[PDB]
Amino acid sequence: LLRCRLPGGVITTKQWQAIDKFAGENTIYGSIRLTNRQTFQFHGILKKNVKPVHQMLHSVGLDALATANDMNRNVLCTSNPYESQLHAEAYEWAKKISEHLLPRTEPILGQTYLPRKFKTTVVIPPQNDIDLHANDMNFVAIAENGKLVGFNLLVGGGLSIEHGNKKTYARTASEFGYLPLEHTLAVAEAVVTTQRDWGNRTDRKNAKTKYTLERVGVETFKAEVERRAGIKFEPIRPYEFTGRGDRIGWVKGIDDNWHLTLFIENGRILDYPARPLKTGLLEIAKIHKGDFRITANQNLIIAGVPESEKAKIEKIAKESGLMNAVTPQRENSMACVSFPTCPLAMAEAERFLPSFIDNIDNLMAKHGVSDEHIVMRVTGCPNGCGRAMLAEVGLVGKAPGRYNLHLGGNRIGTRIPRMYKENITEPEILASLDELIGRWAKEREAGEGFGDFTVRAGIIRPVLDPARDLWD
């Protein structure tokens, strides 16, 4: 397994052609796997190819630095903002934060480095596609007159739990305050160093920022950040989210620019019988004027297609099976890699999701809600890579063919789903949802999501303060 550092998921067509080649020739699986942190992975790299992989990345200006250690992981940035012009500067900031937090090999990270991996994002409301609540540090962009003026800082998100261990918990990020744009790096550095100093290093299961914040308190942590940064946080500026999904299909950008987001199931790029997904993308990379953007939903955006080139690109994407129409449900579902490559896997996730969604699609159809969607995620084990702990319906692997069923998150991802049923099989999971979806379809209010419904309808108690009420 090799994972690339790719701030904001922006990758050039030249870089793409290089990863496509290596993936095809030098890996056991021969696939490109887009991850939910806006970057990619190769699976099964032969030890002989370990050297040429870094050379290959480097030759195209890429690097795999801090992508799988107790450091700062890939920094995310909203991929396709409604106000298209805001992407450029938000992206430049994600890239700056990523570089600023990189190891000097350690003034920021320290010799011992960080107690645990640190995750950061740059968010452009109203989109929470990057799932800010799964991250340690988040910069929510505040714009005025089409220019960014600063960021609201949210700290402390993290989803990993350990089965039956009430000392572990998923936690959402807490608001600290607003900071003018110029204080960004000082603040970023301040949060990392405080966590580095205060983080429990002895017990790795308690090292994460979410635990540190709970131990010392948000205000205590906040004061130190201000002390260290040399600033005083201003009050949080208004922001709201409306969703977390990608904008599948064509959307108009700035000027005569267009963006085509392609839905890629499980982000698994390979040539399949009659669906040459991998070749189709290579063909588009060869004629595409612009970049590609890997989304936090494991999808790919062919960005900045001049209006004149739409038909060209669309022809290839269509013929390659990249534009095969799926239901809104499939578009809003996600799973982690899990087997066969993950050594920590308990239950299938990626290889289970397609057929599972085939079944969910039937149930949605049976209830007359086939145009609707429920943010549904499956994570192969409690480490939570599939981000099931921010889903409306989350399945958490517990053993081969058995999952813990969680309910009650919301569409925007600001609430953690409580465990509903434990250690059950697919047929048992489907039977529960069949009934639940039936009720939502008939009892819901106008535009009410499934998660909110289960909470309003008393089907599941909401998680109001994860550190204290996530576990029954």
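Just count from 1 along the sequence shown to find any residue number.
Trainee: At least a third of the other compared entries leaving residue 361 unmodelled, is that the case?
Mentor: It is not, since residue 361 is included in all of the other entries that model both flanking stretches.
Trainee: Other compared entries: residue 87 unbuilt in at least a third?
Mentor: Residue 87: modelled in all of the comparison entries.
Trainee: What number of residues from the deposited sequence go unmodelled in the gap from residue 105 to residue 106, classed as none, 1 to 3, 4 to 9, or 10 or more?
Mentor: In the deposited sequence, 10 or more residues between these two have no coordinates.
Trainee: For the C-alpha atoms alone, is the average B factor greater in 190 to 198 or in 330 to 338, going by the entry?
Mentor: Comparing 330 to 338 with 190 to 198, the higher mean C-alpha B-factor belongs to 190 to 198.
Trainee: Between 285 to 293 and 357 to 365, point out the one with the higher average CA B-factor as the PDB entry records it.
Mentor: 285 to 293 has the higher mean C-alpha B-factor.
Trainee: Quick one: which of 248, 130, 313, 345 has the biggest Cα B-factor according to the entry?
Mentor: So the option with the highest C-alpha B-factor is 313.
Trainee: Highest CA temperature factor in the entry: which of 377, 259, 171, 318?
Mentor: Reading the PDB entry, the winner on C-alpha B-factor is 318.
Trainee: Per the entry's values, where does residue 35 land by CA temperature factor relative to the rest of its chain, in the lowest, middle or highest third?
Mentor: Its C-alpha B-factor belongs to the lowest third of this chain's values.
Trainee: Looking at the C-alpha B-factor of residue 406, is it in the lowest, middle or highest third of its chain?
Mentor: Lowest third - that is where residue 406 ends up once the chain's C-alpha B-factors are sorted.
Trainee: Taking the chain's C-alpha temperature factors as the reference, tell me which third residue 449 falls into: lowest, middle or highest.
Mentor: Ranked within chain, residue 449 CA B lands in the middle tercile.
Trainee: Can you tell me whether residue 10 has a C-alpha B-factor in the lowest, middle or highest third compared with the other modelled residues of the same chain?
Mentor: Bottom third by C-alpha B-factor.
Trainee: Lowest, middle or highest third: where is residue 135 by Cα B-factor in its chain?
Mentor: Ranked within chain, residue 135 CA B lands in the lowest tercile.
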